[PDB]
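Consider the single chain below, provided in structure tokens and representing the form deposited in one PDB entry.
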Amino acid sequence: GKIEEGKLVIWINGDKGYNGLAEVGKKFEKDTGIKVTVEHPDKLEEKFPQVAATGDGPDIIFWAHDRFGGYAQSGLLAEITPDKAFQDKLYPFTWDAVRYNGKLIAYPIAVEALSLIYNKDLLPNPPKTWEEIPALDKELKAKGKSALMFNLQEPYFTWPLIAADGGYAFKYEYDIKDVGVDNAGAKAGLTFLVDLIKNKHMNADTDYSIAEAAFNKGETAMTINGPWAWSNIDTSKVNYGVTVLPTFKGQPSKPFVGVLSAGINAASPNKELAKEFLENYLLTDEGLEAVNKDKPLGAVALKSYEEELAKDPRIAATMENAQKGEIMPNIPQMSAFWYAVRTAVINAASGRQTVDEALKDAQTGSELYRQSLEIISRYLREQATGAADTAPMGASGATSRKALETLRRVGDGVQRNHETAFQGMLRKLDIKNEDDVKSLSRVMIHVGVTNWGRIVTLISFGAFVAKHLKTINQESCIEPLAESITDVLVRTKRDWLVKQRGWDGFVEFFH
């Protein structure tokens, strides 16, 4: 393929200890004579699937575990198979974070959680609540200081506040259909954030570099950040502490907890070299120390070394916050969830959208895959078998139910009129089984200006193909067909779909 044999290319994010990781690479190189190269590309979490989708990219990819389910779903990750003895060296719950559809898809490295980081010289007793921060900022401003600065350009940092009074991503009691991005709890949290901005206690333009600089220069009493940030604070000589996030409406802030993880490119011809590196060089006391001494990892997955790091009050703080939060899902639409909420926070903070409308859009964006799949899967199946699914629609049931009713009505005419066209198209494609389904969805996408009619024709071809698959005793292929059409639709037409308020707009358009 495109990835070079006999060497290792490793990608890790720019806020992590990539110089320390390179030291581990240098030791691997010394032992074996095999080159290891560490890179930290911009927009890593977007660059990796771009290049890997064509069989290119790094042998080894590092990111929090939340992104890896999507990567695995898209066929970009190799299944990893550590022996029992190696598995038992790491905490079982860290392997859980990197299991997808029953398979391990990455090596867990470390548990990351956000904490409140405060300047002990300015603020010897950090606030226990978010609510007292406006008053604290007024006191500090009289001294030429501010109370709090953190990255507002990434939803990770604001999420703890959103989740505090009841906001959630996908319900965990998982029911993926149940999404809590625009409930009252999420709205209260984001509204508090926006009020801080409108009362000049924070600035909507604040990003990672700006907040880090302000804290490390001693201009702001507090920031919110993970363990990787501590190294630069050490260098700056600020007298800092790491503690529990403030409560909001008497409830703990609930950070989304990430497990830094290393995956192996499905297209790498160096999977055994990667395995050797990750298991016998990185995931050891010495390997993890080399990275940790560069930028702190947090609470590492390796039991032996975590027993040492656990005595650190900053790690104790980290795990305190982690226990109040929640391990991230790794479902394939986590990416779409984060994009949706990123846009909602930035738009609300800038005043481009009200909090209510911003979160409504993030709700629709986060629900889009599962809602679309429910409708499309049911349509394809009932079209293939001739009989409807009588199972309850579930959450947002009126929308799914009314969209399916609309799709049946409009779809009947589209299929009748396009029958000749569809027959010709199918014949040219030679679709025999599930391996043909992947390529099919892509071609279906292309075959300009977005409108619902074009989307009905797309789905109707899907139904036509579903009937064919049923007829040739490949009824098992219908659900991956449905999943593939859905993925194509919601990814390529995301912004338009959200602008229509999703399937509610479809129902309204054809009323």
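Quick note: we count residues from 1 along the sequence shown, nothing fancier. C-alpha atoms forming the largest set that superposes within 1.5 Å between two forms make up the rigid core.
In terms of root mean square C-alpha deviation after superposing on the rigid core in 8 other deposited structures of this protein, the stretch standing farther out between 431-439 and 364-372 is 431-439. RMS Cα deviation from the shown model in 8 other deposited structures of this protein, rigid core fit, is larger for 395-403 than for the other stretch of the pair 395-403 / 114-122.
Unmodelled residues of the deposited sequence between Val447 and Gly448: 1 to 3. The gap between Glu173 and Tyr174 holds 1 to 3 unmodelled residues of the deposited sequence. In this entry, 425-433 shows the higher mean Cα temperature factor of the pair 238-246 and 425-433. Between 304-312 and 181-189, it is 304-312 that carries the larger average Cα temperature factor according to the deposited entry. Within the group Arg408, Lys145, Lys103, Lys271, the record's highest C-alpha temperature factor is found at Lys103. Going by the entry's values, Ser439 shows the largest Cα B-factor out of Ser372, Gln383, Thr158, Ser439. Split the chain's modelled residues into thirds by C-alpha temperature factor. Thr54 is in the highest one. When all modelled residues of the chain are sorted by CA temperature factor, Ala64 is found within the lowest third.
Among the modelled residues of the chain, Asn19 sits in the middle third by CA temperature factor in this PDB entry. Per the deposited record, the Cα B-factor of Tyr281 falls in the middle third when ranked against the other modelled residues of its chain. Remark: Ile376 belongs to the lowest third of its chain, ranked by C-alpha B-factor as recorded.
The same protein also exists as the form solved in complex with a small molecule; that form is not shown, yet it is the one meant from here on.
Although the partner is absent here, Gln474 is not a contact residue: none of its heavy atoms lies within 4.5 angstroms of the small molecule in the bound PDB entry. Interface membership of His418, defined by any non-hydrogen atom within 4.5 Å of the small molecule in the bound PDB entry, is confirmed.
Taking the partner from the other structure, the small molecule in the bound PDB entry has a heavy atom within 4.5 Å of a heavy atom of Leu481.
Though the partner is left out of this view, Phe422 does reach within 4.5 Å of the small molecule in the bound PDB entry, counting heavy atoms only. Residues of just one listed stretch (175-183, 237-245, 263-271, 436-444) have heavy atoms within 4.5 Å of the small molecule in the bound PDB entry: 436-444.
The contact with the small molecule in the bound PDB entry, taken as any heavy atom within 4.5 Å, belongs to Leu429 out of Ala213, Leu429, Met319, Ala395. This chain is displayed alone, yet in the bound PDB entry one of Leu458, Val38, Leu44, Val51 has a heavy atom within 4.5 Å of the small molecule; that residue is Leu458.
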